[PDB]
Amino acid sequence: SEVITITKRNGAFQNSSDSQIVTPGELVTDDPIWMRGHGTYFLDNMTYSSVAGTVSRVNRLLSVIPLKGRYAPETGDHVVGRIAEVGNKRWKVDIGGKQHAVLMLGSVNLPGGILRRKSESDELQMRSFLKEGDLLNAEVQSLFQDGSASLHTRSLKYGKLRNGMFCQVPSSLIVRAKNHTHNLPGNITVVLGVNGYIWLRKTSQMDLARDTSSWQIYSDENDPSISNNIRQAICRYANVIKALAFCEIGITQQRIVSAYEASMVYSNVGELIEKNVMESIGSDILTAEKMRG
Amino acid sequence: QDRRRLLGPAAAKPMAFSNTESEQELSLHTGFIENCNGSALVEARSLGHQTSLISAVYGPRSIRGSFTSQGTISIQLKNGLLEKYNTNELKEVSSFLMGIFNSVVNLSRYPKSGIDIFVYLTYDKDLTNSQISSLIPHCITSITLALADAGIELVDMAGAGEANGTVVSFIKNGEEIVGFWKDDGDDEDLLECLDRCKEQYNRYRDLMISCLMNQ
Amino acid sequence: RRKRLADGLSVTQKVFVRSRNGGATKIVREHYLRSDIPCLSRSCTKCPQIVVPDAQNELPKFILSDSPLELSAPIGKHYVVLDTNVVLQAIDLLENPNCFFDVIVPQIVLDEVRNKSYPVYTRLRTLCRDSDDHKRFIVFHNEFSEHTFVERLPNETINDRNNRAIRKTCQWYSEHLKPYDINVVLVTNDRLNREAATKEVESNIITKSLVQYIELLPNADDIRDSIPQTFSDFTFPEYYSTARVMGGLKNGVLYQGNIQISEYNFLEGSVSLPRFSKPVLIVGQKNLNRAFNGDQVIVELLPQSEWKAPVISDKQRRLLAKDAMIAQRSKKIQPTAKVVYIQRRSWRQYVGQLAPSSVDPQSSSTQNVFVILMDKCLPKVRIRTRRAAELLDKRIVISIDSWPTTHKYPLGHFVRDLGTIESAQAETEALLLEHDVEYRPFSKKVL
Amino acid sequence: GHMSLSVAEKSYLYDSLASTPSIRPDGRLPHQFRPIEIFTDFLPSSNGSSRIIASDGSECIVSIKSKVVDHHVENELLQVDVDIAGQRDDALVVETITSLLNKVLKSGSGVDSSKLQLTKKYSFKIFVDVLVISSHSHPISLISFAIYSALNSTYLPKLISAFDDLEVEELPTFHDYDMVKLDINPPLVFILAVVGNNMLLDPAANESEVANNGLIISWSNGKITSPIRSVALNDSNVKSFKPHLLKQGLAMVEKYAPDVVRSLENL
Amino acid sequence: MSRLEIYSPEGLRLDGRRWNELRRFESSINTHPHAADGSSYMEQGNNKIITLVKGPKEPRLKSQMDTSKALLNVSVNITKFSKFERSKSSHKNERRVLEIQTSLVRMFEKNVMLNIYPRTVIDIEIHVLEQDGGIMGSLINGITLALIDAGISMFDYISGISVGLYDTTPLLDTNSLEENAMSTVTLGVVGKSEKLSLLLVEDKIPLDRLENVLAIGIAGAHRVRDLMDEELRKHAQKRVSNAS
Amino acid sequence: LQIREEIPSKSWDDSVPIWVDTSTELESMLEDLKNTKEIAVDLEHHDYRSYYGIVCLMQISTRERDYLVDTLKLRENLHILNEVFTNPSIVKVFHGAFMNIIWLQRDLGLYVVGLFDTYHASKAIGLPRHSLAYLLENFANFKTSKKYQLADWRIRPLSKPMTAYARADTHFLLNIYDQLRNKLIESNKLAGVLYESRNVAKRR
RNA sequence: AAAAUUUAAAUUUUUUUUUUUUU
């Protein structure tokens, strides 16, 4: 029973496992036998870090992993792109990383499939299938000489989003597993990108197909039949994402389920925004982490 | 000073002087500027206050920026001869202008095409022995006539009426409001502030359509 | 509040408002305390443990002796810590070679002098560095001192924390000087500051006044005439307030310059103003208003009723000031002025001779004497003094103390005991200084 | 604007918020605002300072410097001056918001310039000086909030001498330590938005994007007052509006306004 | 003629500092996570700076683009409330400021491993809040935070400090009162070395002091990047100890 | 529901916390608290040496006399305190009375009906600092113990300034409930204060 | 004792004059 959090603090600008933690300008060693990789520069012996990060010694390879930086694109990863631009037969699209990915013209699932073969008139319709800012499922193919990489949709499973809502997080808390599409009670589905981009939508039959028409792959349509009981259940999974994000929590699919059932204290869904209560539910799961596994 | 203009020798100064329900009225004219494709002329005179101003159309101009689905409006308010309204005072109105026409213009008819609107606050008498607020509704009327002259797809002859420091813009013969502007006045005078604005709007739109359909 | 650095070192904010040109300009500074503050003396063995070199790589000199003038117990050995006011009253008493050899200058006392007078501030700057074997002056930077620093208390003026910190300054001293039984004597003139130590409020402290200190010297007879200090026919007016003259300067109301008071007419003088051509006379004893010849003053024109032929608003006076320049072009009736404020006294040490009428032969006690000055243009000074039968056929040095309201002739005090009238050596001496000739030998910092 | 969103959302976002049991994307109650942080009194060179933190990380600081002036030779006793990071002086959203708060703080409209009055001849020129680090919103109603605290965090040096300078024309004098707080009743500003038949309070950027139209309502003195402007947020979705919905929002603001105020009127 | 006391014969400054002493020096890391991945806050005395870094990322235009390395933009924001006396006009094209905008670029052309960030943009945002003199070296120390605040590739620490000269005597860490009182020099010092990034002298300097004057600031500058380091490190410990 | 003037607690040297050392003086409170229509409450808990949780201390006070509840074996015997504490006529004045109740609900399941909140109720009317370091400063004229509150009360007997600090904190929240029982009726926020008290004692 | 086995790296232009900060 409120409107806004107004808590006051006046008279101040601000309120005010062991491994090597190294700085730029700092010597690591000068054993010549070590190899020199990322985060490392040198002068013939002098092993010099360049970031705030950790010494990684791999068996003869020394390299420095930082702690802070943008998303690192790697191949085969399941992420979410927001459409930046359209090129000659190219597209530009944000990863969230350093640069845009690229996306070839024939790199996409055609309606009607491969029976639709090539056409030069397709570049006269680039804007037909795709336009700016739109969200999709993309598959990281390979790179360039710099570290900029490209995408594609080699499945029905990859494609342009609908039927829900986007959210975004830091890329760090998303944990790696052999699977990324996840289906949650509430008839809904998270599409966790690796890069920090998160789409929710209602579980489709193709989603249901994972666990037991084709001309709708550039539509702006949704299922017209969307209950509020769908819609309000979206928001409860929505805030608990930011709860774990504010609480710096590695995402487990089960932790979300654990976040969801712990959120069943509060039916007032608007109360899922509180700095303390998100931290409280954040404190709940970490205590609940000290029982199972 | 400014190396681009002739501003005289600096130590001069301009000359100085010291002390020793009513009707509004129009005269509305189009088709008199050959640079443009839409022109409109407005005379106004009311009780101590006589005002004349020019609305100028350039469109559809090309956009060197990028793709858009639809059109884009650009509006300029510039001082004429005597009255000097403040710079930041101007663009606030220009902000308030664009919101209404974004419930007017079929931009979807005009992809990747620009709209240029030049308004010349040319000359005003205020012989009376929120001074910009008294000139708001006449702008919208002056724009609408010029935008009819370029013949652009417009949903409604929308107009604003004024009641004592208050500006309310209508459509559908007043049955909806499209643009709201309020300064100080009374409290809860809104219901009378509906009325006197509405009837001037009921006056003005009839004056407008006379200016075109009879031509 | 305050904060701490990792060197045990304190940091806080001293903040005020600059009132210059009537503006309200808030000025904030950080402030540091240190804990390496030297007590700068001979006998202590721990403040010489903390002394560190400067950028010229020097550890300075700790000069206040173990041996002061020792006095009657419960004085014993003692040092002296001063008031600004006793300095402001008795700056030349400090310059006696015969006495006061060991004085700590507190930093706030140093600042009020720098607040008050610039060339007086030179003299303490002069004396401290030119302290010698005989006489030793230090400056203790007590508000740089951590252990003597205080704050502004709630509901306080700046004057309260001044007296309290000086009291706090003395409080650390004897504590550090308990091990050698050299005491510290706080000298004041303020009766309310001579009230709070009557109950001995916190510190068992040596609160004596000037005379209450002066009455304990072995040789106090020679020096008590260097102590500074009806008599009425009418009442003289006063000088305008600060906001009045600063409010007067910009509007063209008020004027400053220099004045010449005539010898052939003691009660008449003119100024040379920047706006004005002719020397604008000031006529009348009340209109001269107890300033001396040569001083920097602030004048106001007089109305045409007081103009001479050989209102509330300043709206009138400026238009009358235009009429002055008309009357300046007349040279037939020319305006008169009067002073309303004194920009600066041109006072200094002065030498004259006494009146035989002013002295009683049979008396041995204190009495009024007037000094006939060597300056013909400047009037006599009432001097309340004992040894006048001595000094009558002798040359003297005085210094002017003040001008209160009643006194037709000012209060001043005798300073230096010179020598016999028309003796060649003494008449050599004042011929130097009243002609402004430096004569004193080259000091310890010179050689 | 700031963001570029996708069309399939834009339906669903315009769907869910135009629900008749209306649904926010974060699902607050329709009258709620979002959590913030409010800091002041941290620029000790200033007469007052202010520092406010949004939930999306929008960020501003407003400074208070004063100046003594003759209140007869100058009409505007109180000046606002705004800076947005990342933008030119010449831009639109700059100048309108800039020109707005001047109107909001006209010298006798909701401002009690008698409390600013120093003498019969002099008074206090004040400077509302604004630096926005970042925004993702139409930032305005955030910006009033820190200023409200900024005026509630402003001390002024004390008059010493008298105040009638017509005859005697004294130059006014201030004590060097004694400051007094500016007693003032500052106004507040609230951003509104109209979607379908629903009216949300504190539109977030997504909520700000999909709206048909929005409002700005001036709150002062424990009531509604002027300046009041209907205001576009985007320009791809600008629709007109029934006036009773406009009549609806006023008390919809007002019966929740002072609770936000009392939350900040809290010391 | 100054009615005040510059430097005591007793060795002291205005707050009582010695000639070889600093102000209170405070940095912070990740002050604005929601804003950019480079966000750092400086207090060096009352010199208070908000420092912001954006990148490495896509340009606004393909014209402003290279196929070899990064670009570096400097945007300085001097507020009109930065000083005691409020400045009248804005500064956003003031030729005094543009000099520094040039300056920090060439100071930081050579710490950034430019080749390993091509086709991308680095933008460095400055917000000068409270100004206390020593203003030039105040900036650079805020910069060296902000690049590490995102962990951008670099060689080294870079330190900055203005050191002033009253007649014979060096003054580490002057203030603006002392700045208008005497001759000052600022040094842009790199790491632990004796090599310089920035060297700027406005005031008139007798030649003969200058070698000694330059020999002063290094010990200050080495204590600068000293105090930056651990202060980052105690932050750096605070991550993984509570991350893990 | 009827406000009064500001009635502070008793004199600070006029009382020491007479602790309940067994079931005898634990029964001395339930006979004394069953007569007053108002009560001050406080608790202390250590979340270290137990999984189910052991509430390290508790303070229950009338208008004059304050107690120190020994809840080691009486953790299972804190079921008799609700004989006055589950009463509609007697508000139980505590500052943040959740873990003062929930730790008595984790092990003892205690009947909770009708406690008077002092922590978050101070924020709504506008007492700004909800901590017991402020209410002992502003309304009880005391000093707080912050490092000692991190320390536990598992063993008995307790330290006497440590029993003087939290009892001053018990005198704090009671005098943060003294004028809060006064000023609540004025500013039209007292109706939410009972439902928030209803929200704390109901759901578990 | 023969037989043979593997690659693929991005192209052609949108902006507003310089004062002025406490010997």
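Just so you know, the numbers here start at 1 and follow the chain as drawn.
So this one's electron microscopy, 4.6 Å, going by the header.
Cβ coordinates come from backbone N, Cα and C, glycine included.
Annotation source Swiss-Prot lists Zn(2+) binding site at F:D42, F:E44, F:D169, citing experimental evidence. Following the DSSP three-state reduction, the secondary structure of F:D42 (Zn(2+) binding site) is strand. Less than 8 angstroms from the CB of F:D42 (Zn(2+) binding site) sit F:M58, F:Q59, F:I60, F:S61, F:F94, F:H95, F:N100, F:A166, F:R167, F:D169, F:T170, F:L173, each of them six or more residues away in the same chain.
Summarising the annotation, Swiss-Prot assigns Mn(2+) 2 binding site to F:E44, F:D169 and lists experimental evidence as the type of evidence. Secondary structure at F:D169 (Zn(2+) binding site), as computed by DSSP, is helix.
Per Swiss-Prot, UMP binding site is recorded for F:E44, F:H45, F:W103, F:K146, F:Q149, and the stated evidence type is experimental evidence. DSSP gives F:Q149 (UMP binding site) a helix state.
Per Swiss-Prot, the feature AMP binding site maps to F:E44, F:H45, F:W103, F:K146, F:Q149; the stated evidence is experimental evidence.
Apart from F:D42, F:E44, F:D169, the Zn(2+) site neighbourhood in this chain, defined by C-beta within 8 angstroms of the site C-beta centre, holds F:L43, F:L57, F:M58, F:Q59, F:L132, F:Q149, F:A166, F:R167, F:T170.
Cβ-based neighbour count (10 Å, all protein chains) for F:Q149 (UMP binding site) stands at 17.
Here the Cα atom of F:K146 (UMP binding site) is found 13 Å from that of F:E44 (Zn(2+) binding site). Same-chain residues at least 6 positions away in sequence with a Cβ under 8 Å from that of F:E44 (Zn(2+) binding site) are, in sequence order, F:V55, F:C56, F:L57, F:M58, F:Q59, F:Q149, F:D152, F:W153, F:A166. Taking Cβ-Cβ distances under 8 Å and a sequence separation of 6 or more, the neighbours of F:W103 (UMP binding site) in its chain are F:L43, F:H45, F:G53, F:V55. Ranking the binding-site residues F:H45, F:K146 by how many other Cβ atoms lie within 10 angstroms of each Cβ puts F:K146 at the bottom. Here AMP is bound by F:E44, F:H45, F:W103, F:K146, F:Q149 per the record. The longest Cα to Cα distance in that group is 21 Å.
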